[PDB]
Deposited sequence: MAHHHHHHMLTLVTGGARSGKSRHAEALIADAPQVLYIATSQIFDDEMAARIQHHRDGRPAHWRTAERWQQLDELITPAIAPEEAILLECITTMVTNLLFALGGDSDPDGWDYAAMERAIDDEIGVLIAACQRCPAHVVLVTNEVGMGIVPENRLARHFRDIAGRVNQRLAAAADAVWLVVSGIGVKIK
């Protein structure tokens, strides 16, 4: 309730199971995807998220978004189309993503429900050889910093174990 939680972790780290546990007592759930239980309703959406995360949401309806990483990828390919990603203007693309993330953050601030955002840690390997992967890793890292600063709580999930770091 009037709370924003960010859950981050690596691939198959258990971060989705952890986020579901955070909201398991909510009478109802809105799942934003970028077979679910009966008291869940699902929406597929990765842009203009203030149209779903609104001041009219029932205060007892938890909102779970999975996941920020795929939102970023979807925005990049929406802007890039079918063109060769080697040629994308990643500076201009990140400005567009910054607008969408700012809409997301402003919407959470005005919504009475608990919002849980799931994201991925993608930056503790080696520098990618592929240009898109290099820029994606940088953009995802900056996006996660911004969301963590806005969040009231931040969990890092490692091998299924939650570590509360904010």
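- Counting the deposited sequence from 1, the stretches lacking C-alpha coordinates are 1 to 6, 41 to 57.
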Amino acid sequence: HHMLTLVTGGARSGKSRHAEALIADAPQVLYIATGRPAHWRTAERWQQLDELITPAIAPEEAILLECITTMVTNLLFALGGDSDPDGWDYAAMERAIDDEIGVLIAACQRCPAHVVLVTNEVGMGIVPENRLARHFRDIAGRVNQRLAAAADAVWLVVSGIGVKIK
From here on, numbers count along this sequence of modelled residues.
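- In this entry, the higher average B-factor at the C-alpha atoms falls on 53 to 61, of the pair 53 to 61 and 117 to 125.
- Taking the PDB entry as given, 39 to 47 carries the higher mean Cα B factor of the two stretches 39 to 47 and 101 to 109.
- Within the listed group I68, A26, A133, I139, the record reports its top CA B-factor for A26.
- Note on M3, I161, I165, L6: the highest value goes to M3, judged by CA B factor as recorded.
- In the PDB entry, a CA B factor belonging to the middle third of its chain's modelled residues is recorded for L22.
- Sort the modelled residues of the chain by CA B factor and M93 lands in the middle third.
- Ranked by C-alpha B-factor against the other modelled residues of its chain, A78 falls in the highest third.
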